[PDB]
Amino acid sequence: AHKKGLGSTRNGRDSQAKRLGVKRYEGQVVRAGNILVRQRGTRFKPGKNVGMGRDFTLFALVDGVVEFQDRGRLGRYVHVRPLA
Amino acid sequence: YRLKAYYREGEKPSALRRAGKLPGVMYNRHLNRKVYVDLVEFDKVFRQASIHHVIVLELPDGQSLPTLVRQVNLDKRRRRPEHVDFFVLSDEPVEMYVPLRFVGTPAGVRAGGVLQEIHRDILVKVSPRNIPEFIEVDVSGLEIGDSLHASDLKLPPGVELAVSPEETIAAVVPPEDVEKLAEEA
Amino acid sequence: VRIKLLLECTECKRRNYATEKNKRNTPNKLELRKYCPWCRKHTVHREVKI
Amino acid sequence: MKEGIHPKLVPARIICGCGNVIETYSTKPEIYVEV
Amino acid sequence: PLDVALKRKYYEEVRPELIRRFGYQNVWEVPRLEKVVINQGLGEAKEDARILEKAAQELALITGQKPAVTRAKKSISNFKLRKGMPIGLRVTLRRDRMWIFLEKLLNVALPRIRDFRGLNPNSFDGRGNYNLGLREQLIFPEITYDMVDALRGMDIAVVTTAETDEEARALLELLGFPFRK
Amino acid sequence: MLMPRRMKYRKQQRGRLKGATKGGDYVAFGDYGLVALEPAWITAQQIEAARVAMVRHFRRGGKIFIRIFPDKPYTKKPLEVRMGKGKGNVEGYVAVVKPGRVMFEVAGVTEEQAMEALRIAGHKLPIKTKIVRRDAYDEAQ
Amino acid sequence: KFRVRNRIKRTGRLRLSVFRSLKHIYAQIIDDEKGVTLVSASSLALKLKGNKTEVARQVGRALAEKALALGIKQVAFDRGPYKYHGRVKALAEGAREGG
RNA sequence: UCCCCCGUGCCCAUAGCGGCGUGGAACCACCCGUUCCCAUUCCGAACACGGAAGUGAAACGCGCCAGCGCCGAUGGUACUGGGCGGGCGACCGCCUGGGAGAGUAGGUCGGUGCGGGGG
RNA sequence: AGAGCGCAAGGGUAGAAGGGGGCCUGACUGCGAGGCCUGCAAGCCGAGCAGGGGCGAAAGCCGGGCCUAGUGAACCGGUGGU
RNA sequence: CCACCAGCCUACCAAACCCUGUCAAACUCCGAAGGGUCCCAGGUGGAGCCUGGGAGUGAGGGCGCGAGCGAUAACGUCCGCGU
């Protein structure tokens, strides 16, 4: 069969990939503390009564409804309407 | 020159083709509907004029509406005609390509080196009253490694230009003799 | 990591603690800066031991 | 020219080499040169 | 409002000649003067400390004011100090003391340059300014042999309202600049 | 014979080939043109052999333009060495060719000349072809 | 160019937008929600004293009273290029606790 | 309720860029001064502060133009839910509903909401 | 915005994270709703409330670090201490 | 072929830019059919939900399009949705 040389490797590696993305979409109710966006960068900058933290995360600040937003010369945004 | 014409409707594209007639479209500042015509005669006419000269399509509506072509979108696979666009003429400012006529065999040519042209049609704005059939331009004595561009070409008065015109119109370059096998070394 | 070393901070007047870290290469001697005690209020805290 | 340690001004001359009596004003008070 | 030769003669020669020749129809539009800046690029302070900055203040201490040193950008391993903290001398001059510079410039600095056929014209921005310098440093008034170590050049500048060449040169005929032409 | 010049990743995935050709389906350049009908690779070896074949046929010719470019690795492994272990080695550089794609154009010759040139050269190509003139497509940047 | 959204650093809730010229102060109280403004006073555009500073003091102070005169407690302080020199209205009197 | 300037908000570049013209009787800007508050890693350039006879140059505000940059129909091809084929294979065709990209005509030098100072 | 954003990559970034100085030490303690993630055990997000502070006139943010690597259950025992 | 430094000059090669076509899993101005998912409603089905005891499982294979490996070889292999 002739098993002489065979060029090995040093490549195969990845990541215990955490699940990142828009956790809570619009029309969704939050009790504050519920995070709506797990992102790496700021693809979703804070909205009204939505906060951000150390890992760039849009989470809830009240009990209302997630509302989506875009602002070309300012970025994309995710908010929470009051529901009083 | 003359071709027929046919008012199109809400009939499926594929069928019109695999029946007998290629489909089309026309638009001018405001006038936009859908149209179509025969294949074989259309192909005949096109092979002459196309986006060089003027078309005149007498349409089953009573008139004889004359257009230019514009864009020849095809199927690419086994490439061949399949729906064009038409441009309803007038007298207003319009850019379009004019097929040019490189006349006369230069000195770069006959020395061996052959013309490797750039264009065979130049973009130029004109009033639709001027018909620059074809600028039968010079190319009297192009040399090898020699070029010509800009407003160098004669332009029929009125028929303006529409590039830079530093757009190089053409040039002559070396052949490819068997001495290019010695290059293989 | 070790050789750059780690240390805890201790108050004055006897005890009060926290859990921090150091670094030697920069001409650093007595690591000394503010914090808070369990009992009472704001105090210094001096570098100490392991 | 505010700040503080600013190296000053004051009038200077130019007792040149042509009988020249030039009126100047600079950091040093007694300047004289050539032309 | 401390007036001297170049300032007063700025008023007198400039206004008429300038407008009557070039046609300026605006009080604050006349191709006046703006800042005048001097600069020293010494790559010698790779180390050297501010013992060689004593030579840097030396430069601006004879021009009147207190100099400010800057530094450098990125890596020049081919020629040492990269990180960018050796020396970069700059001083900006407004009206009055700027007029001091221009004065001492035209009066005595230029004289004892031996090979002086006049200044280098072509060095005009085109967008409307002028940039040069010199070699022999001690040509300046308040500095005799003692101060300097060996040799040291300099890079001056002149910022002006000037938008063309000729108006700038004429501006330097009314403000009087010894050219080679 | 063409390839890049050391760039990004060396090894890449061959993949299946559809047939939209994405583009490149008229003359614009030369005057007579060889275009293909079978979705395959063009081989740098072949590429050169065909370019030659043309040149060869017509001594002291004109200018033969090459539109397609052979810039894809041949992931090839050694012989009788058992599976797994590493990908392969980048080898034989080729290109994606999807039918209805211009690959070479002849300009400034006889009719007969470009006929037999494109004929023989493409006859040497890894597949078979069609040879077209220059007209029905005019107007395309 | 003191944009920086010094606005945002004060866009906690409820602004008070003021700015100066060569000679005239422009003290205004802007409420957001839809964009509706509210309360005004101007050093040399209320037809007042011609000494920038003190007028401004009084003018803010004028406005200051005006604030509480129409139901105002605490708001923000929209000022661009300040160098913080108080403008000793600073609306510190200014009901609001400007300072 | 209106025609103009200013402090300021909303859409997101049909608002930006650029040649032309421009208005200051109030607003606005340069500009007058650098001694009192303040500060330039140096300059009163910048922020700062007390202030005129000028100016409308710039900055800016407004109008015209498309020249850059921006948006961009219509048609038809791509690609494809889901449904049936044909070829050893590399791959190809019919059905239905969805429906781009690039380009073609054309279009664009903004839209609007607030609060004061003017007639 | 193509540079710097400590070090690999990717997202992100001047309407600042970058870069300058002043001040300081919240690289807090006692907790912690409601979440991300999820076979378990781990890891990851954070307002808020009390203390008592640092900065700023304030408005305000501060429970380390632009973000994701820089790590080790338990048993054993040393350590200062109640 | 002159210098305080200049000037004009090629079928050699070549920074960039421009025109002429084009290439891409780790390139992206654009970007669908799909897909995931939060509310309005139909939906009565060995549906779905909640505690609770007993499990057995954890060598799989085939077929279709979808990507990798392989040589666009293997009744080859390793995943994806589907059967």
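Residues numbered from 1 in each chain as written, not as in the entry; some residues may be left out. Chains lettered and ligands numbered in written order. Part of a larger assembly, values for the part shown. Heavy atoms only, no water.

- As summarised from the PDB record, the model derives from X-ray crystallography at a stated resolution of 3.50 Å.

## What about the interface of chain F and chain B?
- In this complex, chain F contributes 29 residues to the contact, which on the side of chain B involves 20 residues.
- Carbon and sulfur atoms supply 51% of the area buried between chain F and chain B, which totals about 2400 Å² over both sides.
- Contact with chain B buries surface across chain F, with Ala136, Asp138 and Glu139 of chain F losing the most and accounting together for 22% of the total.
- Ionic pairing is found between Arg120 of chain B and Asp138 of chain F, a salt bridge with its closest N-O pair at 3.3 Å.
- At the boundary of chain F with chain B, the tally comes to seven residue pairs in polar contact.
- Within the residue set of the side of chain F that touches chain B, elements represented by two or more residues are α1 (44-57) and β3 (63-66) of chain F.
- Looking at the side of chain F that touches chain B, its residues break down into 13 nonpolar, seven polar and nine charged. (Contact = heavy atoms within 4.5 Å. Buried area = accessible area lost by both parts, 1.4 Å probe. Salt bridge = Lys/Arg side-chain N within 4 Å of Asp/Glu carboxyl O. Polar contact = N/O pair within 3.5 Å; in protein donor to acceptor, adjacent residues only side chain to side chain. Helix = DSSP H or I, 4+ residues; strand = E, 2+ residues; numbered from the N terminus. Nonpolar A, V, L, I, M, F, W, Y, C, P; charged D, E, K, R; others polar.)

## Concerning the packing of aromatic side chains
All names here are of chain B.
- Evaluated as defined, the whole model comprises nine aromatic pairs over all chains.
- Measuring from ring centre to ring centre gives 6.1 Å for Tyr6 and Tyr36, while their planes differ by 40°; the resulting arrangement is tilted. Note that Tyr6 is positioned in strand β2 (residues 6-7) and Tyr36 in strand β4 (residues 31-38), a separation of 30 residues in sequence.
- Between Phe42 and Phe86, the aromatic rings sit 6.0 Å apart at their centres with planes inclined by 20°, giving stacked as the arrangement. Highlighted residues: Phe42 in helix α2 (residues 40-48) and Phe86 in the loop between β8 (81-84) and β9 (87-88), separated in sequence by 44 residues. One exposure class covers both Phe42 and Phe86, and it is buried.
- Connected via pairs of aromatic rings, a cluster forms that spans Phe42, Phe46 and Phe86. (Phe/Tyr/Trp six-rings, centres within 6.5 Å; stacked < 30°, edge-to-face > 60°. Buried < 20%, exposed > 50% of the residue type's maximum accessible area, 1.4 Å probe, protein only.)

## Overview of the pattern of salt bridges
- Counting across every chain of the model gives 29 salt bridges over all chains.
- Where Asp135 of chain F meets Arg47 of chain B, a salt bridge forms, and the shortest distance between an N and an O atom there is 3.7 Å. Taken together, the residues span two chains, with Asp135 of chain F in the segment after β6 (129-132) and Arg47 of chain B in helix α2.
- Where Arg60 of chain F meets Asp177 of chain B, a salt bridge forms, and the shortest distance between an N and an O atom there is 3.5 Å. Here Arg60 of chain F is found in the loop between α1 and β3, whereas its partner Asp177 of chain B is found in the segment after β14 (170-173) on a different chain.
- For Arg60 of chain F, a relative accessible area of 60% corresponds to the exposed category.
- Salt bridges sharing common partners tie together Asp3, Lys7, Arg8 and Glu12 of chain E.

## Topic: a positive patch on the surface
- Taken together, the side chains of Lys13, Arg14, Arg15 and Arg46 of chain C present a region of like positive charge at the surface.
- When you line up the elements, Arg46 of chain C lands in strand β3 (residues 46-48). (Patch = residues over 30% accessible without salt bridge, like charges linked within 9 Å, V, L, I, M, F, W, Y side chains within 5 Å. Areas by Shrake-Rupley, 256 points an atom, 1.4 Å probe, with all protein chains shown as cover. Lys, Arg positive; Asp, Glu negative; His and termini not counted. Charge placed at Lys NZ, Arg CZ, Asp CG, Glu CD.)

## Structural notes on the packing of α1 of chain F against helix α2 (residues 111-123) of chain F
Residue and element names in this part refer to chain F.
- Packing of α1 against α2 brings their axes to within 8 Å, and their N-to-C directions diverge by 145°. Every pair of crossing elements has a handedness; the one defined by α1 and α2 is right-handed. Counted together, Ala50, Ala53, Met54 and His57 of α1 and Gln113, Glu116, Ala117, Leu118, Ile120 and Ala121 of α2 form the full contact between these two elements.
- Here the contact of α1 with α2 is composed, by residue class, of seven nonpolar, two polar and one charged. (Axes fitted to C-alpha atoms, helices over the stretch in contact; angles between N-to-C directions. Left-handed = near helix turned anticlockwise from the far one by under 90°.)

## Some details on the interface of chain A and chain F
- Listed per partner, the contact involves eight residues of chain A and six residues of chain F.
- Taking both sides of the interface into account, the surface hidden between chain A and chain F amounts to around 640 Å²; carbon and sulfur atoms contribute 58%.
- The three residues of chain A that bury the most area against chain F are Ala1, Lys3 and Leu6 of chain A, which together make up 65% of that side's buried surface.
- Counting the contacts that link chain A with chain F gives zero residue pairs in polar contact.
- A breakdown of the residues in the side of chain A that touches chain F according to their chemical character gives two nonpolar, five polar and one charged.

## Brief notes about the protein's contact with RNA strand J
- The local shell around RNA strand J holds 33 residues, among which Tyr9, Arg14, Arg16, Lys76 and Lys87 of chain F are the closest.
- Backbone atoms, meaning sugar plus phosphate, form 70% of the atoms of RNA strand J positioned within 4 Å of the protein.
- Between a sugar or linking oxygen of RNA strand J and a side-chain N or O atom of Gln28 of chain A, the distance comes to 2.5 Å.
- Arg67 of chain F places a polar side-chain atom, nitrogen or oxygen, 2.7 Å from a sugar or linking oxygen of RNA strand J.
- Residue classes in the surface near RNA strand J are distributed as ten nonpolar, nine polar and 14 charged. (Near = heavy atom within 4 Å.)

## Observations concerning the sheet that holds strand β5 (residues 55-58) of chain B
Residues and elements named next belong to chain B.
- Read from one edge of the open sheet, four strands run β1-β5-β6-β9, paired in mixed fashion. Among the strands making up the open sheet, the edge pair consists of β1 (2-4) and β9.
- Across three bridges, the pairing between β1 and β5 is parallel. Each residue of the ladder has a partner; that of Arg2, found in β5, is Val56.
- Helix-sheet contacts for α2 involve β1 and β5, and the interaxial angle to β1 is about 155°. (Pairing = 2+ DSSP bridges.)

## As for the protein's contact with RNA strand H
- Taken together, 67 residues surround RNA strand H, and among them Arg17 and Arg70 of chain B, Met1 of chain D together with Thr37 and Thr53 of chain G come closest.
- Of all RNA strand H atoms lying within 4 Å of any protein atom, the proportion belonging to sugar or phosphate reaches 73%.
- In the environment of RNA strand H, a base oxygen lies 2.9 Å from a nitrogen or oxygen atom belonging to the side chain of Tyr27 of chain B.
- Within the backbone of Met1 of chain D, one N or O atom sits 2.4 Å away from a phosphate oxygen of RNA strand H.
- Residue classes in the surface near RNA strand H are distributed as 22 nonpolar, 20 polar and 25 charged.

## Overview of unusual backbone geometry
- Cis peptide bonds are those with omega within 30 degrees of zero, and the linkage from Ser164 of chain B to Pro165 of chain B qualifies with -5°.
- Take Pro165 of chain B: it is sitting in the loop between β13 (147-148) and β14.
- Despite not being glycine, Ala32 of chain A shows a phi value in the positive range, around 65°.
- Inspection of the secondary structure puts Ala32 of chain A in the loop between β1 (21-22) and β2 (35-38).

## Overview of the sheet that holds β14 of chain B
All names here are of chain B.
- Reading across from one edge, β11-β14-β13 is the order of the three strands in this open sheet, with antiparallel pairing throughout. Every interior strand has two partners, whereas the edge strands, β11 (114-115) and β13, have only one.
- One ladder, built from two bridges, connects β13 with β14; its direction is antiparallel. Across the sheet, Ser147 pairs through a bridge with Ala171, a residue of β14.

## With respect to the side chain of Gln40 of chain E
Residue and element names in this part refer to chain E.
- Relative to the assigned elements, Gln40 resides in strand β1 (residues 36-40).
- Judged by relative accessible area, which is 4%, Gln40 ranks as buried.
- If sequence neighbours within four positions are ignored, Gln40 has contacts with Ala56, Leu59, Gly88, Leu89, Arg152, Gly153 and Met154.

## Some remarks on the pairing of β8 of chain B
All names here are of chain B.
- Examined bridge by bridge, strand β7 (residues 72-74) and β8 share two bridges and lie antiparallel to one another. Paired with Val72 across the bridge in β8 is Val84.
- Hairpin connection of β7 to β8: six residues between the antiparallel strands, including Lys76 at a positive phi of 65°.

## Topic: the nonpolar core
- Membership of the largest hydrophobic core comes to 29 residues, with the highest contact counts inside it found for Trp99, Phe101, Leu102 and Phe177 of chain E.
- Contributing elements (two or more residues each) for this core: α1 (5-22), β1, β3 (88-93), α3 (95-109) and α4 (165-174) of chain E.
- Take this core: its biggest share by element is six residues, from α3 of chain E.
- Sequence-distant contacts of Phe177 of chain E, defined by excluding residues within four places in its chain, comprise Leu102, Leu105, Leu106, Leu119 and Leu172 of chain E.
- By size, the runner-up hydrophobic cluster in this structure holds 21 residues, among which are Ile42, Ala95, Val106 and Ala114 of chain F. (Core = buried A, V, L, I, M, F, W, Y, C linked by side-chain atoms within 4.5 Å.)

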